[PDB]
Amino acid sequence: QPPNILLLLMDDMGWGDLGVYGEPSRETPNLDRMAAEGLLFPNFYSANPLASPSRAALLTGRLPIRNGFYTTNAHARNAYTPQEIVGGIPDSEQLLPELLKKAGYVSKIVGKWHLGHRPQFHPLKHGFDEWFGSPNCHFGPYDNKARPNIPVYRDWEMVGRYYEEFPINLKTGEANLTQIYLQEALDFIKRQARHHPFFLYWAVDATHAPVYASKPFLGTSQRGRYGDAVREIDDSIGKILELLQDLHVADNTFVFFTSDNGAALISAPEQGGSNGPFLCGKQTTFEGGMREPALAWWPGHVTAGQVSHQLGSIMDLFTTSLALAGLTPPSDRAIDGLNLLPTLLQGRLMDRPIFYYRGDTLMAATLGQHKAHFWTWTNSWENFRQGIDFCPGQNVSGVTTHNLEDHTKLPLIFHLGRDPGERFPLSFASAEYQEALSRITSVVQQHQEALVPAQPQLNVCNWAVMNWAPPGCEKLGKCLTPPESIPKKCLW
């Protein structure tokens, strides 16, 4: 029997949000015990600065440039899957649960999908057997004329909407959702143990603004509401882990914890996380935007309380989980995800690159201890003047710029070991600069010449495709009449 796979994917949590990672308030005892009982990655990365493209990247093991989760409307624009998006995960893409099904797995997604809300993009059409969660954010409450409230699904059909059947109180921050997500996870694990190997994609989002937590966890954190959520998610994760041990299926269960992108610094200090020593956060390709916590837990297989400086990618969990199940990745396409079993079980290292993409643009690349910035950008001057700051309290001369700066000819290079916060660019005349530049450009060109970008899915929007009448609305009497609209270019 192949080992169970449990993937814990957080939403907008940063490198500095875990106790073991150096959070001052030390409010994550369960994840801290998971680290003590496993392996911690200090140099792990997501595939994009925001949600959709990263989640697609996890599930495909492929860069958003490859899987289609980007825009070409303008260069280097962050795009995702809002209610009005026309595109979504293509049928050509082979998702992890589709393939695991080859080894007898039974797979469940809990929480946020974000790979398309239209019927053709349903996760049960793309490998998953069961679902409880929403295809979108939990933003609202909407007036149901201009926008409809975001639906929560059980499997094929909606069972309610956020701010309706599933209340979120914005004043207090109260919502029972994380407790339902917990309960879905426990029950699933209970039905599958000793029957079939299971795959659980536990993609919670209480940590996405507007932040929420159940009543018992409200006002317990020193981090305000955002920490309340983090404390609940942590408590929940402890209980998920204890159940694996109480069923003696822990030795045959591989669990991995990570986050889809950096902390949402527009929402700090109350509703956003911490990126620790790193620069900026979500929306950018600086370290704080794409470096993530990363714990691996597999009693008896992964040696307890170790550290690996393996450069890791969220995409690696695609290939690894396949290797865990004794399968091979698709041989008819480029696969970015690497098999990390040699790192996880033997403590070996691998000299791989980390590409930092923002929209249609490779912004930056990391080999070893060096990161080269070919393009730099926080947000435009117009957005900055309107009070949107992606890098609050932070300003690095000629690095954190409000123009999309072209450094393709003469990249801004950092030594991450010496300078994790990307504060001091290497001098252009130095030998260390030259050695890195050659090493990094070599891998980048190679990548780019072998790269045929996919057709972009995130270019077109249409008011009429919003969740007006999800499947199951008729029986609940919750279908809404949609407005009259045409498809047009999304304004990003």
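All residue numbers refer to positions in the sequence shown, first residue = 1.
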- Task: Would you tell me which stretch averages the higher CA B-factor in the PDB entry, 64-72 or 428-436?
- Result: 428-436
- Note on the structure: Assert higher mean C-alpha B factor (272-280 or 88-96, deposited values) equals 88-96
- Task: Quick one: which of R231, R418, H309, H195 shows the highest Cα temperature factor in the PDB entry?
- Result: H195
- From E164, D205, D260, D336, which pick has the Cα B-factor that tops the rest in the entry? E164
- Modelled-residue ranking by C-alpha temperature factor, third containing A146: highest
- Item | Assigned third (lowest, middle, highest) for the C-alpha B factor of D155 | middle
- Just say lowest, middle or highest third for the CA B-factor of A209 relative to the other modelled residues in its chain. lowest
- Assert third(CA B-factor, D316) within chain per record equals lowest
- Task: Give the position of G38 by CA B-factor within its chain, expressed as the lowest, middle or highest third.
- Result: middle
